[PDB]
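**Q** Mind folding the following:
(2 chains, ligands or ions: 2)
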Amino acid sequence: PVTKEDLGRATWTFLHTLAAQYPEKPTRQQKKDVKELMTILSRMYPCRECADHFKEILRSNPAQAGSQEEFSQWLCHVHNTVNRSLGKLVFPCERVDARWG
Amino acid sequence: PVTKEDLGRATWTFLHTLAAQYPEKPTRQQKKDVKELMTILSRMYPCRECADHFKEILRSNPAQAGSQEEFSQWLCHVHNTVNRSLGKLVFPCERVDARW
Ligand SMILES: Cc1cc2nc3c(=O)[nH]c(=O)nc-3n(C[C@H](O)[C@H](O)[C@H](O)COP(=O)(O)OP(=O)(O)OC[C@H]3O[C@@H](n4cnc5c(N)ncnc54)[C@H](O)[C@@H]3O)c2cc1C
Ligand SMILES: Cc1cc2nc3c(=O)[nH]c(=O)nc-3n(C[C@H](O)[C@H](O)[C@H](O)COP(=O)(O)OP(=O)(O)OC[C@H]3O[C@@H](n4cnc5c(N)ncnc54)[C@H](O)[C@@H]3O)c2cc1C
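**A** Residues are numbered from 1 along each chain as shown, chains lettered A, B, ... in the order given. Ligands and ions are numbered 1, 2, ... in the order given. Take a look:
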């Protein structure tokens, strides 16, 4: 049950939905939790290789949690790096808000 | 157009899979990360009411991450508590390593 793909789809839904709700002017804690959440995922994501790649991506592209727009975009760019590595379509990050409300 | 219900299903799939892959003998960091992960969720979970409900549950049921079995079990109970309040069927918590 639950393949690498099912996990990915579920998590992206959670992450992008989360970035869709992120506040315009986040508090110091909300900013901290978002960054901590990504760090935790870089170590804990339930798919070995996937977690290593996320770790790399996170190293070179730290989370932009300054606001809803920066986080939504950042998360979309991160998702695209994975898409590209897998030979999948690359999503236009100007439409993230249209895809995730 | 993700719904409150699609968010929930996605999240439980993530959590439960995470709890199914948790190590038998977690390190000090892994225990810490899993715990902080639940705390982050109770503040950050999208649906407002849902965040507050989960926050009260975590209050009286602090996360147990001493091992895969304990974490799986704790997560399973914390989920039945939610199903219950929603009028849903209860999942027997010996069957966690089943759905996940
Ligand atoms: C943190 C993380 C790291 C991952 N790393 C790997 C890896 O190293 N190797 C591996 O094999 N798998 C990895 N995966 C899995 C992978 O990214 C896929 O989820 C899986 O292959 C299924 O692809 P899918 O085509 O159904 O679309 P996903 O990539 O799962 O799609 C979610 C859906 O969201 C949308 N979407 C697509 N791109 C974006 C975007 N840029 N922004 C907003 N929405 C978008 C589309 O509607 C799409 O169908 C990872 C998943 C996560 C959550
Ligand atoms: C932390 C958290 C808090 C939530 N709080 C609320 C809330 O306050 N209000 C609200 O309207 N919604 C809330 N939700 C959403 C809700 O719990 C549902 O996810 C949603 O209603 C969809 O229900 P579903 O019937 O598809 O099953 P879910 O409850 O999403 O099911 C996941 C699936 O996992 C299984 N499963 C069921 N019970 C267990 C268990 N005890 N252990 C292991 N697996 C189980 C079954 O196979 C089931 O179909 C929350 C979600 C999360 C992740």
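**Q** Flag every residue of chain A that's near ligand 2.
**A** By Cβ under 6 Å from any ligand atom, no part of chain A sits against ligand 2. Heads up, the C-betas are built off the backbone N, CA and C, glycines and all.
**Q** For ligand 2, what's its nearest residue on chain A.
**A** Closest approach between chain A and ligand 2, counting by Cβ to the nearest ligand atom: residue A:14, at 8.4 Å.
**Q** For that residue, which residues are in contact?
**A** Residues near residue A:14 by Cβ atoms under 8 Å, 6 or more residues apart in numbering or on different chains: B:7, B:10-11, B:14.
**Q** Give me the subset of those lying in helices.
**A** Among the contacts of residue A:14, the residues falling in helices (DSSP state H) are B:7, B:10-11, B:14.
**Q** coming back round to it: pick out the most distant pair among the contacts of residue A:14.
**A** Across those, the longest distance by Cβ to Cβ is 10.8 Å; it joins B:7 and B:14.
**Q** Within range of chain B, give me the residues from chain A.
**A** With Cβ under 8 Å from any Cβ of the partner chain as the criterion, chain A meets chain B at residues A:1-2, A:6-7, A:9-11, A:13-14, A:17-18, A:20-21, A:29-30, A:33-34, A:36-37, A:40, A:43-46, A:100-101.
**Q** Make a PyMOL selection of whichever of these turn out to be buried.
**A** Of the residues of chain A next to chain B, the buried ones can be selected in PyMOL as follows, counting by 16 or more other Cβ atoms under 10 Å in any protein chain shown:
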select buried, chain A and resi 7+10+11+13+14+17+18+20+21+30+33+34+36+37+40+44+45+46+100
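**Q** Which entries in the residues of chain A next to chain B are shared with the contacts of ligand 1?
**A** Okay, of those touching ligand 1 (Cβ under 6 Å from any ligand atom), that's A:9, A:11, A:45.
**Q** so what's residue A:39 up against?
**A** Residue A:39 neighbours (Cβ under 8 Å, 6+ apart): residue A:58.
**Q** I am finished for the moment; much appreciated.
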